[PDB]
Every structure is written in C-alpha cells, then in structure tokens.
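Colleague: sequence and experimental coordinates follow.
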Amino acid sequence: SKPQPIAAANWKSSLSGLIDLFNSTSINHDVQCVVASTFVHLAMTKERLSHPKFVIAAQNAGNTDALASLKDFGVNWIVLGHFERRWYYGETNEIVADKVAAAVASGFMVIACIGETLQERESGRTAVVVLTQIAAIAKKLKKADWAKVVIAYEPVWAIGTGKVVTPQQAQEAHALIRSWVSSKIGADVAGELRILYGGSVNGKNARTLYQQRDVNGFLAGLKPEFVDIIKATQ
C-alpha cells in the first residue's frame, strides 16, 4: 500500500443520483477514483461527473478506431480483461494482451484484470493461471509501458459460487502477482504498480483489506457503498 491508490467502479447496468452522491463526496487523501461504464452511458457520465479526484473509464474496445473515438471523446482510462469478457466471450490471454498494448500505445491508462476460476483454484492452479495471464500481457509491452498500467485481481472463483474471500487470500494473490512483476519486469516497476482487489467488498471489510500490503485499491461496482470503499483507501 505505498503508491497512490486507485478506487475504481464499474457500472454494468440510476446513474444520475449516484453521480450526484459522488460529486458531493469529500475526499481528504490522495487517491485516483475511476468510473468505468459501457458506451451507452459514457456521455451522461462525462456531462455530469465533476470531482477533482475522479476520471472516467471505458470498458471494452472492439478495434483501434474505438480507442481513437474514446480518446477524442476525452476518455483516457479503460478497463480490460474483466471476467465477463474472458469467461463469457472467450477473450484469450493473447487477445487481452493485445488490447492492453493497443490501449497503452493509443495513450490510455489501462486497468487490466486477471483471475482464476473455482475449478482452477480447487485444482491448485491459481498461480499458473494468474501468472500465465499476466505473462501474456507483459509479452506485448515494454518496461516503460508499465507506468500506464494497473492490475486488478478478480477472484473469479468467488463469483456465482457462494464462496467468500478472506483478506489473507486476497493478499496472497496480490503478493504473488507483485513477486512476478518484481522478478520479471523489475523491483522498481513492482514498487510503483497498483494491484487492486476486484472481488466483492463492502465498506467494513474494505478497510481491513486495504490494510494488507500489496493491495493498492479496488475494482468494485458502482453503488452507494463505493463511497465507503474510497474512504477505505487511507
């Protein structure tokens, strides 16, 4: 928890009132807040959201013209590799790596998601899946490019499964990720990198989760409690 933390929120499907709430939220400490949405709702979010610590993110780019369109529309952040895209639409490690590389090359700050399934965890293959995913990403980048990159660990194994995650487990995953980047990219890059927890999280357990080293913030859902999640990054 040393570099500047990030609190990001993903609005998947009213937004009006939530933007008001955030606009009137006071934030004493340094933290980069992010609001990701789908294309349909980028517009309302750009029109309405105005909080100094907040930027807008996109969720998906089909092609490179979409990246340029977004860039033109004044959107500089994007979220990629999120589970629904890997597991629902079969975006391979390589497809994601390319999107990330494309995004970075086009001037984006990228939040790149990784995470293993329940089968994968239960079979003991957390580290190989997670590290295989991030290795794919890295393969398409240079050391300099890591300045524009954020990692979000999604505990996919705790989605639709009734399972819950302990902070020890979240820490372990983040730690492992950090270790890889340190040893394969550089300790300096690893020190600056932000790895966010993208599992379900409320105000209460978010503070305790942020207390772990190696957790640098959250990828969460856009909801009223996001306010508490932001607060939890002191």
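Modeller: Great, that's in hand. Residues are numbered from 1 along each chain as shown.
Colleague: centre of the chain to the lengthiest helix in the chain, how far?
Modeller: Across the chain, the helix with the greatest residue count (assigned by DSSP state H) is helix 167-184. Centroid separation for helix 167-184 versus its chain: 15 Å, with CA atoms, centre = their mean, to the nearest Å.
Colleague: again with stretch 95-102
Modeller: With CA atoms, centre = their mean as the basis, stretch 95-102 stands 15 Å off its chain's centre.
Colleague: contact partners of that stretch?
Modeller: Identification of contacts with stretch 95-102 by CB atoms under 8 Å, 6 or more residues apart in numbering yields 61, 64, 67, 80-81, 85-86, 91, 110, 112, 133, 136-141, 145, 149. All C-beta spots, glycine's among them, are computed from the backbone N, C-alpha and C.
Colleague: got a list of what the spatially most central residue of the chain touches?
Modeller: Nearest to the mean C-alpha position of the chain, counting by CA atoms, centre = their mean, stands residue 152 at 3.8 Å. By CB under 8 Å, 6+ apart, the contact set of residue 152 is 8, 79, 81-82, 111-114, 195-198, 219.
Colleague: from those, pick the one nearest residue 208.
Modeller: Checking the contacts of residue 152 against residue 208 with CB to CB, the nearest one is residue 197 at 11.3 Å.
Colleague: how close does the closest one get to residue 42?
Modeller: According to CB to CB, to the nearest Å, residue 197 stands 25 Å off from residue 42.
Colleague: okay, those two: which has more neighbours?
Modeller: Remark: of residue 197 and residue 42, residue 197 carries more neighbours, 28 against 21, as counted by other CB atoms under 10 Å.
Colleague: bridging residues for the more buried one?
Modeller: For residue 197, the beta-bridge partners under DSSP bridges are residue 153, residue 218.
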